[PDB]
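Encoded as structure tokens, here's the structure I'll be asking about.
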2 protein chains.
Amino acid sequence: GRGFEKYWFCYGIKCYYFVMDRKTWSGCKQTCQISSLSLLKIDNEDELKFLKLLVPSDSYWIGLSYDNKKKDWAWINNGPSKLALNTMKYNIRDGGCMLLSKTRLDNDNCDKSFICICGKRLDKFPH
Amino acid sequence: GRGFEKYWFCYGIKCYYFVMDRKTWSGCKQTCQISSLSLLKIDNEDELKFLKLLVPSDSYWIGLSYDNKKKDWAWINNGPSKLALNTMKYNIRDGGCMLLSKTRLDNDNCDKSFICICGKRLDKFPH
């Protein structure tokens, strides 16, 4: 259940929620999930511009990880995105999971503990 | 009816909306109202702490102005608050309306144009 911050924000059709405890990438993925949210997927450059603008200054796990079957960085659950990643920017030797900071996307050790940012669209309903 | 930013935020029981164009204090007050919002009232020190933390960096008209008849600073529509102001720090000769920045509350010419921050509780329903 719930140990989230009491603030949250929205942009367009998507809101953004913050776990209180820092967690490993996997632990964040699962914490977003038990609450019907999902570790955050970033849909485009517009959205990225806004989050870097609006998030408090820190480093946040987001739902993007390197996938050795696809041979590429992939949004969780095959999630589709229009965010172009320059994958040369990212050395998988230095980390296979993505964080958001105010300054950039960076890859990092999946075992380090960062703030989880979970997203949920406003048109997301149980099925 | 509209001319708002696409983004907004919430804390506990209250959300926060941003007008796109800078306006005079009175214009902010009326723009918030047109949309059944209200130029923002700050309820306590906890809430002020949070807003200084999450608002982009700029200066914002909020629903606080100096009242001749009360002989005091007063929140719009007789709004109740538990935010203690030290009123000795506001010279009314320098301005009779309040704005919020990241640093502090300050008073300023009610005719300057600043960003409107409109508040609305989640338990606020037509009547």
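Note that each Cβ is placed from the backbone with ideal geometry, even for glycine, and that neighbours are counted across all protein chains shown. Taken together, the values in this text are just the output of simple stated rules run on the coordinates, not laboratory data.
Using a label point 7 angstrom from Cα along Cα-to-C-beta, what distances in nm, from shortest up, separate A:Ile34 from the other copies?
Taking the point 7 Å beyond Cα along Cα→Cβ, the inter-copy spacings are 4.7 nm.
Of the residues A:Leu54, A:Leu64, A:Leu100, which exhibits the maximal mean-square fluctuation in a Gaussian network model of chain A defined by a 10 Å Cα contact cut-off?
For chain A, modelled as a Gaussian network with Cα springs under 10 Å, the answer is A:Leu54.
State, in angstrom, two size descriptors of chain A derived from its alpha carbons: Rg to one decimal place and Dmax to the nearest whole number.
Just the Cα atoms of chain A yield Rg and Dmax of 13.7, 39 Å.
Of the candidates B:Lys52, B:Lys112, B:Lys70, which one comes out as most mobile in a Gaussian network treatment of chain B with C-alpha springs shorter than 10 Å?
B:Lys70
Another one. Given a 10 angstrom Cα cut-off, can you work out which residue in A:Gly95, A:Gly79, A:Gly27 is the most mobile in a GNM of chain A?
Largest GNM mean-square fluctuation: A:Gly79.
For A:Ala84 and B:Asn77, what is the calculated FRET efficiency with R₀ set at 35 Å and r taken between the beta-carbons, to the nearest 0.05?
Numbers: r = 49 Å, r/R0 = 1.40.
Result of the calculation: an efficiency of 0.10.
While we're on this one: What FRET efficiency do you get for B:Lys6 and A:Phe125 if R0 is 25 Å and r is their Cβ-Cβ distance, rounded to the nearest 0.05? Present the calculation step by step, with values, prior to reporting the outcome.
Details: r = 22 Å, r/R0 = 0.87.
The pair B:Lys6/A:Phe125 has a calculated efficiency of 0.70.
Separate question: Based on the alpha-carbon gyration tensor of the range A:19-73 and its eigenvalue square roots a ≥ b ≥ c, which shape applies: rounded if a/c is under 1.5, prolate if not and a/b is larger than b/c, or oblate?
oblate
Additional query: Pop the C-beta distance of A:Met20 and A:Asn109 into the FRET formula with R0 = 22 Å and round what comes out to the nearest 0.05.
The computed FRET efficiency comes out at 0.55.
7 Å along Cα→Cβ for the label point: how many nanometres lie between B:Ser81 and each equivalent label in the other copies, listed shortest first?
4.1
Normalise the Debye intensity by I(0) for the protein assembly as shown, one equal point scatterer per Cα, no solvent, then take log10 at q = 0.10, 0.16, 0.17 Å⁻¹ and round to two decimals.
Computed log10 I(q)/I(0) values: -0.58, -1.13, -1.22.
Take the alpha carbon atoms of the range B:13-55, find their center, do the same for the range B:81-125, and report the distance between the two centers in whole angstrom.
With the range B:13-55 and the range B:81-125 each reduced to a Cα centre, they are spaced 9 Å.
If you draw the axis that swings chain B onto chain A, which residue of B has its Cβ closest to it, and how far is that in whole Å?
For chain B, the closest residue to the axis carrying it onto A is B:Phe9, 2.
Which of the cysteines found in the protein assembly as shown have nothing to pair with, since no other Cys Cβ lies under 4.7 Å from theirs?
None - each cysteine has a disulfide-compatible partner (Cβ-Cβ under 4.7 Å) in the protein assembly as shown.
Arrange A:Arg2, B:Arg22 by Cβ neighbour counts within 10 Å, fewest through most, would you?
A:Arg2, B:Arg22
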